[PDB]
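Quick notes on the structure that follows.
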Amino acid sequence: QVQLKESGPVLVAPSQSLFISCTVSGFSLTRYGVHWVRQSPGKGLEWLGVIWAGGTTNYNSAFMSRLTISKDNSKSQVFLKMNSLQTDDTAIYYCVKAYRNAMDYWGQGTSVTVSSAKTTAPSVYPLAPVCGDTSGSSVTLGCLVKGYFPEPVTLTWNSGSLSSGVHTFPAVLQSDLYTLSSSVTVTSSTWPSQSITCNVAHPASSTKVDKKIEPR
Amino acid sequence: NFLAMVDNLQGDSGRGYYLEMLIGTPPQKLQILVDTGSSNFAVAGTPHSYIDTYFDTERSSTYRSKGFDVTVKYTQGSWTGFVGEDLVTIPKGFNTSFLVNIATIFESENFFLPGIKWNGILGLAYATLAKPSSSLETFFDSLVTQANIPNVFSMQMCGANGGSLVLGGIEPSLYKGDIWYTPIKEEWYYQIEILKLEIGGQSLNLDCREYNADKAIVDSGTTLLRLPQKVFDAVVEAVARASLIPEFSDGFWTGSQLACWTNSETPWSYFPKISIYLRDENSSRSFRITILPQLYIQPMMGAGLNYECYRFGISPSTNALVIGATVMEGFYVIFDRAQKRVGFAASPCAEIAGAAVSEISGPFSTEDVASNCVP
Amino acid sequence: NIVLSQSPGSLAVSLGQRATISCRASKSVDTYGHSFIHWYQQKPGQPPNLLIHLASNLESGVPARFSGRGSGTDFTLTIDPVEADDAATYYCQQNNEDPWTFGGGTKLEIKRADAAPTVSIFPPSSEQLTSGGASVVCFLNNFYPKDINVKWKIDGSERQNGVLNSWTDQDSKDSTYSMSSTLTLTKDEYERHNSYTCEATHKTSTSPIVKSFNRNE
């Protein structure tokens, strides 16, 4: 089974250096090239470069001034190093397996934010229904994740066990901090008979928080 | 004497096969494009950037003005000239001279192009295409009438280094195996009926009317195999499905890079054969002309190098399906005007490193195709 | 750089119908009769994934509903018949010349039956109130089409400042959208008023859907 996994700094200061590794499994770097692609709202998908089986590299010329790709076949790892960072280098960075005359397997991507700003962990607030509202045939609960930086956070309900009827809303940036919310809808027979808890992880700050939803 | 006509053409597909001719008294020597897609004999009559010489009427004692002009338009290119008549000798063919109509070009657009070696054109199609009208007798009709030769000519292109134009018949030394004949559907261009195209043994599944919808013609004046847009797309789609292109890797990281090859390596083994089915003179039967990748993935470079760069010899058309030099280079082609038919035989000169680059085979049945594919 | 321009930016197609999207290259992408351009699907929260290799070769395991056409500079991707799972952004990508480049993408919206939102309102949590902040959250869940308006009212008067809105991507299964709206106030202002209201106007009704609470009731 082919897999690629990026690991990067979630946050890096401008003009500092970006270093991302790609650990691969299910195929060999002695046989296959690996590409680096990034995606941002401002610039969309951009192909950065590739390192082929024999160790040859080809780069997107717009980046050649400051990008180096390398690998270590014996560690099943490919590396990306980019210098002279600008804030529009903020993007999701993917390593991608070569395949025929294109690309097949992508890693999940690692979010890289270029900013001088400090890391701030979120406040996680449980949202229970209005006190005294009618107990209908279903019930919606929520979790509010407020005042963090940078992206991303991961949010689950009941450690990822509860996934039916969940809506997790994209973060929106306000006064240099992010906020996101998630809702989950379950039957009357489910809650509050059962415990329902939002789990929020924010890698940049090393925080992991659980908030049980309690009736008001 | 057909043997004397062997190798009377020079040139290549890319810019034309041409025949040397002597015109007027005393003779002026010109180099004449062989064109089965038009019906006028015309020569440069004034200087042009892309020609070395031209025909000067005032230096020929036998030239006569016919008193009118003419303009001819091709799919690309056009010219305007005066019309007269003069005596022509074909040194490699007919040592007696014969009188022919001649248009002397003084104006042109996109006709004499850089890289050509010809300064005139020999329209070998039917009178119905001649300008200003069909009453301006064609060069070949004058020839047949005056040299009293059969109303037949045949062409072999050896560029797959010249070729041969055999005026008056067939030369046995120029082919191997059998001649297969397809009826001329309409005597203007050499219009023939195409029943099916097959790519690597898979038929395209287009209505056969798609191949003829405008017309399918054999045209020595066209370089490429030219296919109406819908047909072209179906071909290149089938070619992508049947090819086995190398994957990108060290030293090969863009599609453009596929064009050039080193170390005697070639692109040919990666690509499928392409076949055209034509109705035989017996209506219930068809035959197949087949080109290999060697003829449609075409070497480009000047001599003296140890790599080669290739180009695709198939292009889209708006209208016609044109069997141009790409295909004709694989076959001895017989324009049998006397019996309203076109013949094909495999050319012995269509060989690279010993091996055949084209095939002909039949018969096949027409039971599952309409009785007429020309709409 | 070869530039790839995709059109339209967005297309809405009904389930069971045909979708056709276009990619135009600034220069031919063909070499040897082969078109070095490829199509990828990107579902929300996933990387792109190759559907069609060399303009027209369907990738093994991709459903036959997907097909690619074209040569030179003009290419199309056709999905027929469109299914709910097809809600995604599609990208063309060329590598006839370096650098490899991608088109700007086309988002395919599945045009399901119109549906009114399920609306829920949530008072500030006590934990937030302890820290002097007060956010009121309204969820407008599982509606179609995406266009929707939310109005916050405090004691019957409209409030515009301090509202943050976020929409989900179109759901893969039910083809709806959802939207979250959060009005953030100070604790002291929150505690100066009684009734909090979020009103949702959507094309599915002439009258807004109203959800309300009274504080400390």
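Following the order of the structure tokens, first chain is A, next is B, and so on, with residues numbered from 1 inside each chain and ligands from 1 in the order they appear.
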Original post:
Could you pull out all residues of stretch 58-163 of chain A with a DSSP call of strand (DSSP E) and give them as a PyMOL selection string?
Top reply: chain A and resi 58-59+67-72+77-82+91-99+102-106+110-114+123-127+138-148+154-157
**OP:** DSSP on the backbone, then: every residue of chain A marked alpha helix (DSSP H), written as a VMD selection string.
**Re:** chain A and resid 61 to 64
May I have the selected residues written with N, CA and C atoms, as a PDB file, in the first residue's frame?
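Contents of the output file result25.pdb:
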```pdb
ATOM      1  N   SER A  61      11.170  26.946 -12.417  1.00  0.00           N
ATOM      2  CA  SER A  61      12.180  28.027 -12.482  1.00  0.00           C
ATOM      3  C   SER A  61      11.862  29.250 -11.588  1.00  0.00           C
ATOM      4  N   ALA A  62      10.579  29.570 -11.400  1.00  0.00           N
ATOM      5  CA  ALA A  62      10.184  30.679 -10.487  1.00  0.00           C
ATOM      6  C   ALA A  62      10.734  30.545  -9.057  1.00  0.00           C
ATOM      7  N   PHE A  63      11.102  29.322  -8.674  1.00  0.00           N
ATOM      8  CA  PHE A  63      11.531  28.986  -7.335  1.00  0.00           C
ATOM      9  C   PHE A  63      12.989  28.571  -7.243  1.00  0.00           C
ATOM     10  N   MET A  64      13.607  28.257  -8.383  1.00  0.00           N
ATOM     11  CA  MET A  64      14.974  27.686  -8.368  1.00  0.00           C
ATOM     12  C   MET A  64      15.974  28.505  -7.549  1.00  0.00           C
TER      13      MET A  64
END
```
Any chance you could tabulate, as CSV, the residues of chain A at most 12 Å from chain B with each one's nearest atom pair and distance in Å to one decimal, using only C-alpha atoms, in chain and rising number order?
```
residue,atom,partner,partner_atom,distance
A:29,CA,B:249,CA,11.7
A:30,CA,B:249,CA,11.3
A:31,CA,B:249,CA,9.3
A:32,CA,B:249,CA,7.9
A:33,CA,B:249,CA,6.8
A:34,CA,B:249,CA,10.1
A:35,CA,B:253,CA,11.3
A:49,CA,B:253,CA,10.4
A:50,CA,B:253,CA,9.2
A:51,CA,B:250,CA,8.4
A:52,CA,B:250,CA,5.6
A:53,CA,B:250,CA,6.9
A:54,CA,B:250,CA,6.2
A:55,CA,B:250,CA,7.6
A:56,CA,B:250,CA,5.7
A:57,CA,B:250,CA,8.0
A:58,CA,B:253,CA,7.8
A:59,CA,B:253,CA,10.4
A:60,CA,B:253,CA,11.7
A:97,CA,B:248,CA,11.7
A:98,CA,B:248,CA,7.9
A:99,CA,B:247,CA,7.1
A:100,CA,B:247,CA,4.3
A:101,CA,B:247,CA,5.3
A:102,CA,B:248,CA,7.9
A:103,CA,B:248,CA,10.1
```
Would you put the residues from that selection into a file with N, CA and C atoms, as a PDB file, in the first residue's frame?
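Saved the output as part-v5.pdb:
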```
ATOM      1  N   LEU A  29      12.069   4.724  -3.410  1.00  0.00           N
ATOM      2  CA  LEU A  29      12.630   5.926  -4.028  1.00  0.00           C
ATOM      3  C   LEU A  29      13.736   5.567  -5.039  1.00  0.00           C
ATOM      4  N   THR A  30      14.217   4.323  -5.001  1.00  0.00           N
ATOM      5  CA  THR A  30      15.220   3.873  -6.005  1.00  0.00           C
ATOM      6  C   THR A  30      14.552   3.589  -7.346  1.00  0.00           C
ATOM      7  N   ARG A  31      13.218   3.612  -7.351  1.00  0.00           N
ATOM      8  CA  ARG A  31      12.454   3.222  -8.539  1.00  0.00           C
ATOM      9  C   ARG A  31      11.521   4.348  -8.990  1.00  0.00           C
ATOM     10  N   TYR A  32      11.137   5.217  -8.066  1.00  0.00           N
ATOM     11  CA  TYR A  32      10.120   6.242  -8.373  1.00  0.00           C
ATOM     12  C   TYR A  32      10.548   7.657  -7.998  1.00  0.00           C
ATOM     13  N   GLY A  33      10.242   8.622  -8.864  1.00  0.00           N
ATOM     14  CA  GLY A  33      10.397  10.042  -8.538  1.00  0.00           C
ATOM     15  C   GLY A  33       9.344  10.490  -7.525  1.00  0.00           C
ATOM     16  N   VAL A  34       9.676  11.550  -6.791  1.00  0.00           N
ATOM     17  CA  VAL A  34       8.693  12.215  -5.894  1.00  0.00           C
ATOM     18  C   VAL A  34       8.682  13.712  -6.217  1.00  0.00           C
ATOM     19  N   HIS A  35       7.470  14.262  -6.374  1.00  0.00           N
ATOM     20  CA  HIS A  35       7.245  15.660  -6.739  1.00  0.00           C
ATOM     21  C   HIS A  35       6.836  16.437  -5.481  1.00  0.00           C
ATOM     22  N   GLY A  49       8.741  21.116  -7.960  1.00  0.00           N
ATOM     23  CA  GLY A  49       9.907  20.380  -8.496  1.00  0.00           C
ATOM     24  C   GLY A  49       9.801  18.914  -8.231  1.00  0.00           C
ATOM     25  N   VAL A  50      10.840  18.194  -8.618  1.00  0.00           N
ATOM     26  CA  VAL A  50      10.815  16.740  -8.449  1.00  0.00           C
ATOM     27  C   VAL A  50      12.219  16.217  -8.294  1.00  0.00           C
ATOM     28  N   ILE A  51      12.344  15.122  -7.549  1.00  0.00           N
ATOM     29  CA  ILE A  51      13.589  14.336  -7.501  1.00  0.00           C
ATOM     30  C   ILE A  51      13.322  12.910  -8.011  1.00  0.00           C
ATOM     31  N   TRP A  52      13.981  12.552  -9.107  1.00  0.00           N
ATOM     32  CA  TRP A  52      13.726  11.270  -9.744  1.00  0.00           C
ATOM     33  C   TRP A  52      14.508  10.142  -9.075  1.00  0.00           C
ATOM     34  N   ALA A  53      14.255   8.914  -9.499  1.00  0.00           N
ATOM     35  CA  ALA A  53      14.901   7.731  -8.940  1.00  0.00           C
ATOM     36  C   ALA A  53      16.421   7.845  -8.874  1.00  0.00           C
ATOM     37  N   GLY A  54      17.029   8.332  -9.943  1.00  0.00           N
ATOM     38  CA  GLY A  54      18.490   8.360 -10.032  1.00  0.00           C
ATOM     39  C   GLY A  54      19.068   9.566  -9.302  1.00  0.00           C
ATOM     40  N   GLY A  55      18.233  10.341  -8.600  1.00  0.00           N
ATOM     41  CA  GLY A  55      18.737  11.525  -7.871  1.00  0.00           C
ATOM     42  C   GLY A  55      18.782  12.859  -8.607  1.00  0.00           C
ATOM     43  N   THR A  56      18.424  12.861  -9.884  1.00  0.00           N
ATOM     44  CA  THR A  56      18.300  14.093 -10.676  1.00  0.00           C
ATOM     45  C   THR A  56      17.135  14.937 -10.153  1.00  0.00           C
ATOM     46  N   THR A  57      17.301  16.262 -10.135  1.00  0.00           N
ATOM     47  CA  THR A  57      16.210  17.166  -9.696  1.00  0.00           C
ATOM     48  C   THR A  57      15.862  18.101 -10.828  1.00  0.00           C
ATOM     49  N   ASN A  58      14.561  18.373 -10.999  1.00  0.00           N
ATOM     50  CA  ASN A  58      14.119  19.429 -11.886  1.00  0.00           C
ATOM     51  C   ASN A  58      13.158  20.333 -11.106  1.00  0.00           C
ATOM     52  N   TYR A  59      13.345  21.635 -11.256  1.00  0.00           N
ATOM     53  CA  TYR A  59      12.617  22.629 -10.470  1.00  0.00           C
ATOM     54  C   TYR A  59      11.751  23.503 -11.323  1.00  0.00           C
ATOM     55  N   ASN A  60      10.674  24.026 -10.722  1.00  0.00           N
ATOM     56  CA  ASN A  60       9.957  25.158 -11.257  1.00  0.00           C
ATOM     57  C   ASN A  60      10.914  26.363 -11.248  1.00  0.00           C
ATOM     58  N   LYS A  97       3.854  11.045  -5.422  1.00  0.00           N
ATOM     59  CA  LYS A  97       4.537   9.965  -6.190  1.00  0.00           C
ATOM     60  C   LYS A  97       4.394  10.170  -7.697  1.00  0.00           C
ATOM     61  N   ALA A  98       5.489  10.001  -8.425  1.00  0.00           N
ATOM     62  CA  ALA A  98       5.503  10.002  -9.884  1.00  0.00           C
ATOM     63  C   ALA A  98       4.826   8.725 -10.429  1.00  0.00           C
ATOM     64  N   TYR A  99       4.210   8.834 -11.604  1.00  0.00           N
ATOM     65  CA  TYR A  99       3.396   7.746 -12.170  1.00  0.00           C
ATOM     66  C   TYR A  99       3.233   8.064 -13.618  1.00  0.00           C
ATOM     67  N   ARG A 100       3.737   7.183 -14.480  1.00  0.00           N
ATOM     68  CA  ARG A 100       3.629   7.369 -15.936  1.00  0.00           C
ATOM     69  C   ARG A 100       4.107   8.764 -16.373  1.00  0.00           C
ATOM     70  N   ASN A 101       3.224   9.573 -16.950  1.00  0.00           N
ATOM     71  CA  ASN A 101       3.569  10.957 -17.319  1.00  0.00           C
ATOM     72  C   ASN A 101       2.809  11.965 -16.458  1.00  0.00           C
ATOM     73  N   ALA A 102       2.527  11.556 -15.218  1.00  0.00           N
ATOM     74  CA  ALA A 102       1.842  12.456 -14.299  1.00  0.00           C
ATOM     75  C   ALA A 102       2.129  12.066 -12.853  1.00  0.00           C
ATOM     76  N   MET A 103       1.104  12.048 -11.998  1.00  0.00           N
ATOM     77  CA  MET A 103       1.305  11.819 -10.570  1.00  0.00           C
ATOM     78  C   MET A 103       0.119  11.025 -10.056  1.00  0.00           C
TER      79      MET A 103
END
```
Compile the residues of chain C that lie within 7 Å of chain A, evaluated using only C-alpha atoms, and express the compilation as a PDB file with N, CA and C atoms, in the first residue's frame.
```pdb
ATOM      1  N   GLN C  46      -9.310  16.675   0.841  1.00  0.00           N
ATOM      2  CA  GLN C  46      -8.421  15.653   0.253  1.00  0.00           C
ATOM      3  C   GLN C  46      -7.423  16.297  -0.706  1.00  0.00           C
ATOM      4  N   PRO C  47      -6.297  15.606  -1.021  1.00  0.00           N
ATOM      5  CA  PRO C  47      -5.484  16.106  -2.138  1.00  0.00           C
ATOM      6  C   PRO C  47      -6.187  15.822  -3.483  1.00  0.00           C
ATOM      7  N   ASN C  49      -6.625  13.998  -7.181  1.00  0.00           N
ATOM      8  CA  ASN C  49      -6.396  12.628  -7.569  1.00  0.00           C
ATOM      9  C   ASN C  49      -6.657  12.514  -9.044  1.00  0.00           C
ATOM     10  N   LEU C  50      -5.736  11.857  -9.734  1.00  0.00           N
ATOM     11  CA  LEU C  50      -5.749  11.753 -11.182  1.00  0.00           C
ATOM     12  C   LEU C  50      -6.870  10.878 -11.672  1.00  0.00           C
ATOM     13  N   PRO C  99       7.686  25.060 -16.464  1.00  0.00           N
ATOM     14  CA  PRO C  99       7.273  24.202 -15.336  1.00  0.00           C
ATOM     15  C   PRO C  99       5.948  23.471 -15.627  1.00  0.00           C
ATOM     16  N   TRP C 100       5.706  22.317 -14.992  1.00  0.00           N
ATOM     17  CA  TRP C 100       4.369  21.731 -15.008  1.00  0.00           C
ATOM     18  C   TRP C 100       3.463  22.810 -14.408  1.00  0.00           C
ATOM     19  N   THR C 101       2.272  22.950 -14.955  1.00  0.00           N
ATOM     20  CA  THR C 101       1.297  23.925 -14.423  1.00  0.00           C
ATOM     21  C   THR C 101      -0.132  23.368 -14.369  1.00  0.00           C
ATOM     22  N   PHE C 102      -0.926  23.962 -13.480  1.00  0.00           N
ATOM     23  CA  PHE C 102      -2.310  23.575 -13.233  1.00  0.00           C
ATOM     24  C   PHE C 102      -3.239  24.718 -13.667  1.00  0.00           C
ATOM     25  N   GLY C 104      -6.932  26.738 -13.079  1.00  0.00           N
ATOM     26  CA  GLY C 104      -7.411  27.399 -11.862  1.00  0.00           C
ATOM     27  C   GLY C 104      -8.532  26.629 -11.201  1.00  0.00           C
ATOM     28  N   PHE C 122     -27.423  29.022  20.059  1.00  0.00           N
ATOM     29  CA  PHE C 122     -26.683  28.592  21.228  1.00  0.00           C
ATOM     30  C   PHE C 122     -26.212  29.803  22.004  1.00  0.00           C
ATOM     31  N   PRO C 123     -26.679  29.933  23.251  1.00  0.00           N
ATOM     32  CA  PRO C 123     -26.190  30.996  24.121  1.00  0.00           C
ATOM     33  C   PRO C 123     -24.700  30.841  24.425  1.00  0.00           C
ATOM     34  N   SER C 125     -21.409  29.918  26.300  1.00  0.00           N
ATOM     35  CA  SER C 125     -21.185  28.923  27.338  1.00  0.00           C
ATOM     36  C   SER C 125     -20.770  29.659  28.628  1.00  0.00           C
ATOM     37  N   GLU C 127     -18.399  28.954  30.586  1.00  0.00           N
ATOM     38  CA  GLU C 127     -16.939  29.064  30.594  1.00  0.00           C
ATOM     39  C   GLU C 127     -16.431  30.287  29.829  1.00  0.00           C
ATOM     40  N   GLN C 128     -17.051  30.606  28.696  1.00  0.00           N
ATOM     41  CA  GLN C 128     -16.668  31.818  27.990  1.00  0.00           C
ATOM     42  C   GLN C 128     -17.005  33.079  28.807  1.00  0.00           C
ATOM     43  N   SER C 166     -19.246  31.346   8.306  1.00  0.00           N
ATOM     44  CA  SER C 166     -18.487  30.318   7.614  1.00  0.00           C
ATOM     45  C   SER C 166     -19.425  29.280   6.993  1.00  0.00           C
ATOM     46  N   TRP C 167     -19.187  28.909   5.738  1.00  0.00           N
ATOM     47  CA  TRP C 167     -19.961  27.880   5.038  1.00  0.00           C
ATOM     48  C   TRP C 167     -19.127  26.601   4.901  1.00  0.00           C
ATOM     49  N   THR C 168     -19.773  25.441   5.021  1.00  0.00           N
ATOM     50  CA  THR C 168     -19.119  24.184   4.668  1.00  0.00           C
ATOM     51  C   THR C 168     -19.017  24.074   3.150  1.00  0.00           C
ATOM     52  N   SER C 180     -22.367  28.377   9.622  1.00  0.00           N
ATOM     53  CA  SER C 180     -22.269  28.764  11.018  1.00  0.00           C
ATOM     54  C   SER C 180     -22.119  30.289  11.074  1.00  0.00           C
ATOM     55  N   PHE C 213     -33.586  33.025  21.961  1.00  0.00           N
ATOM     56  CA  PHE C 213     -33.634  32.695  23.403  1.00  0.00           C
ATOM     57  C   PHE C 213     -33.731  33.974  24.221  1.00  0.00           C
TER      58      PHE C 213
END
```
Write out as a Markdown table the residues of chain B that have any atom within 12 Å of an atom of chain C, one row each with the nearest atom pair and its distance in Å to one decimal, counting only C-alpha atoms, sorted by chain and then rising number.
```
| residue | atom | partner | partner_atom | distance |
| --- | --- | --- | --- | --- |
| B:229 | CA | C:71 | CA | 10.0 |
| B:230 | CA | C:70 | CA | 10.2 |
| B:232 | CA | C:71 | CA | 9.1 |
| B:233 | CA | C:70 | CA | 6.8 |
| B:234 | CA | C:69 | CA | 9.3 |
| B:235 | CA | C:33 | CA | 9.1 |
| B:236 | CA | C:33 | CA | 5.9 |
| B:237 | CA | C:56 | CA | 6.4 |
| B:238 | CA | C:56 | CA | 9.2 |
| B:239 | CA | C:33 | CA | 7.7 |
| B:240 | CA | C:34 | CA | 6.1 |
| B:241 | CA | C:57 | CA | 6.4 |
| B:242 | CA | C:57 | CA | 10.0 |
| B:243 | CA | C:34 | CA | 9.4 |
| B:244 | CA | C:34 | CA | 11.0 |
| B:245 | CA | C:34 | CA | 9.2 |
| B:247 | CA | C:54 | CA | 11.6 |
| B:248 | CA | C:95 | CA | 10.1 |
| B:252 | CA | C:96 | CA | 11.1 |
| B:253 | CA | C:95 | CA | 7.9 |
| B:254 | CA | C:96 | CA | 5.1 |
| B:255 | CA | C:96 | CA | 4.1 |
| B:256 | CA | C:96 | CA | 5.3 |
| B:257 | CA | C:96 | CA | 8.1 |
| B:258 | CA | C:31 | CA | 7.1 |
| B:259 | CA | C:31 | CA | 7.0 |
| B:260 | CA | C:32 | CA | 10.8 |
| B:267 | CA | C:32 | CA | 9.4 |
| B:268 | CA | C:32 | CA | 10.8 |
| B:270 | CA | C:32 | CA | 10.9 |
| B:271 | CA | C:32 | CA | 9.6 |
| B:272 | CA | C:33 | CA | 11.9 |
| B:293 | CA | C:32 | CA | 10.4 |
| B:296 | CA | C:32 | CA | 9.2 |
| B:297 | CA | C:32 | CA | 7.1 |
| B:298 | CA | C:32 | CA | 9.7 |
| B:299 | CA | C:32 | CA | 11.8 |
| B:309 | CA | C:32 | CA | 10.8 |
| B:310 | CA | C:32 | CA | 8.0 |
| B:311 | CA | C:32 | CA | 6.4 |
| B:312 | CA | C:32 | CA | 5.1 |
| B:313 | CA | C:32 | CA | 8.8 |
| B:314 | CA | C:33 | CA | 8.0 |
| B:315 | CA | C:33 | CA | 8.9 |
| B:316 | CA | C:71 | CA | 10.0 |
```
For stretch 99-136 of chain A versus stretch 7-21 of chain A, which residues have an atom no more than 7 Å away, and what is each residue's nearest atom pair and distance in Å rounded to one decimal, using only C-alpha atoms, chain-then-number order, as a Markdown table?
```
| residue | atom | partner | partner_atom | distance |
| --- | --- | --- | --- | --- |
| A:110 | CA | A:8 | CA | 6.3 |
| A:111 | CA | A:10 | CA | 5.9 |
| A:112 | CA | A:10 | CA | 4.9 |
| A:113 | CA | A:11 | CA | 4.8 |
| A:114 | CA | A:12 | CA | 5.1 |
| A:115 | CA | A:13 | CA | 5.0 |
| A:116 | CA | A:13 | CA | 4.8 |
```
Subject >> Near-residue C:181 list (9 Å; only C-alpha atoms; drop same-chain fewer than 5 positions) as a ChimeraX atom specification >> reply: /C:136-140,150,163-167,198
Using N, CA, C and O atoms, can you export the residues from the last selection as a compact mmCIF listing (two decimals), in the first residue's frame?
```txt
# COMPACT_ATOMS: atom_id res chain seq x y z
N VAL C 136 -22.64 34.29 20.62
CA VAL C 136 -23.86 33.55 20.36
C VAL C 136 -23.70 32.90 18.98
O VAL C 136 -23.27 33.55 18.03
N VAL C 137 -24.02 31.61 18.89
CA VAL C 137 -23.75 30.85 17.67
C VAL C 137 -25.06 30.38 17.09
O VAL C 137 -25.94 29.91 17.81
N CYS C 138 -25.22 30.56 15.78
CA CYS C 138 -26.33 29.92 15.09
C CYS C 138 -25.84 29.03 13.97
O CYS C 138 -25.06 29.45 13.13
N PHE C 139 -26.33 27.80 13.99
CA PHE C 139 -26.05 26.80 12.93
C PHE C 139 -27.26 26.74 11.98
O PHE C 139 -28.41 26.64 12.43
N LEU C 140 -27.01 26.85 10.67
CA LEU C 140 -28.05 26.76 9.63
C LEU C 140 -27.58 25.55 8.83
O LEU C 140 -26.62 25.64 8.07
N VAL C 150 -28.31 35.68 7.04
CA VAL C 150 -28.53 35.58 8.49
C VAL C 150 -28.61 37.01 9.08
O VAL C 150 -27.77 37.86 8.79
N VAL C 163 -20.02 39.84 13.75
CA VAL C 163 -20.60 38.58 13.22
C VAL C 163 -19.57 37.94 12.29
O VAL C 163 -18.98 38.64 11.46
N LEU C 164 -19.34 36.64 12.45
CA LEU C 164 -18.38 35.92 11.64
C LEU C 164 -19.12 34.74 11.03
O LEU C 164 -19.75 33.96 11.76
N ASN C 165 -19.10 34.63 9.70
CA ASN C 165 -19.83 33.57 9.02
C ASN C 165 -18.90 32.63 8.27
O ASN C 165 -17.92 33.06 7.65
N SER C 166 -19.25 31.35 8.31
CA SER C 166 -18.49 30.32 7.61
C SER C 166 -19.42 29.28 6.99
O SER C 166 -20.30 28.79 7.66
N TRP C 167 -19.19 28.91 5.74
CA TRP C 167 -19.96 27.88 5.04
C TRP C 167 -19.13 26.60 4.90
O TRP C 167 -17.91 26.67 4.67
N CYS C 198 -31.54 34.81 15.91
CA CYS C 198 -30.99 34.71 14.58
C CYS C 198 -32.10 34.36 13.60
O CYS C 198 -32.89 33.42 13.83
```
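For the pair atom CA of residue B:1 and atom CA of residue B:93, the separation is 7.4 Å.
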Original post:
Which is closest to residue B:94 among B:161, B:266, B:347, B:146, if we use only C-alpha atoms?
Top reply: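 Among B:161, B:266, B:347, B:146, it is B:146 that comes nearest to residue B:94.
Closest to residue A:121 among A:65, A:3, A:205, A:84 is A:205, based on only C-alpha atoms.
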Original post:
Neighbours of residue C:107 within 6 Å (only C-alpha atoms; same-chain residues fewer than 5 positions away dropped), as a PyMOL selection string?
Top reply: chain C and resi 10+88-89
Subject >> residue A:22 surroundings by only C-alpha atoms, 8 Å radius, close-in-sequence under 6 positions cut, as a PyMOL selection string >> reply: chain A and resi 4-7+77-79+95
Keeping C-alpha atoms for every residue in the selection just given, could you write it to a file as a tab-separated table (two decimals), in the first residue's frame?
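The result, written out as out15.tsv:
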```
chain	number	residue	atom	x	y	z
A	4	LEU	CA	3.38	9.47	1.64
A	5	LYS	CA	3.57	11.54	4.88
A	6	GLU	CA	4.74	15.14	5.10
A	7	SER	CA	6.12	16.55	8.27
A	77	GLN	CA	12.60	10.16	2.82
A	78	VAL	CA	12.45	13.05	0.47
A	79	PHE	CA	13.23	16.59	1.56
A	95	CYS	CA	4.74	15.35	-1.64
```
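For the pair atom CA of residue B:167 and atom CA of residue B:332, the interatomic distance is 13.5 Å.
Between atom CA of residue C:23 and atom CA of residue C:92 the separation is 6.6 Å.
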Original post:
Of the candidates C:14, C:157, C:131, C:1, which shows the shortest atom-to-atom distance to residue C:79, using only C-alpha atoms?
Top reply: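 Among the listed residues, the smallest separation from residue C:79 belongs to C:14.
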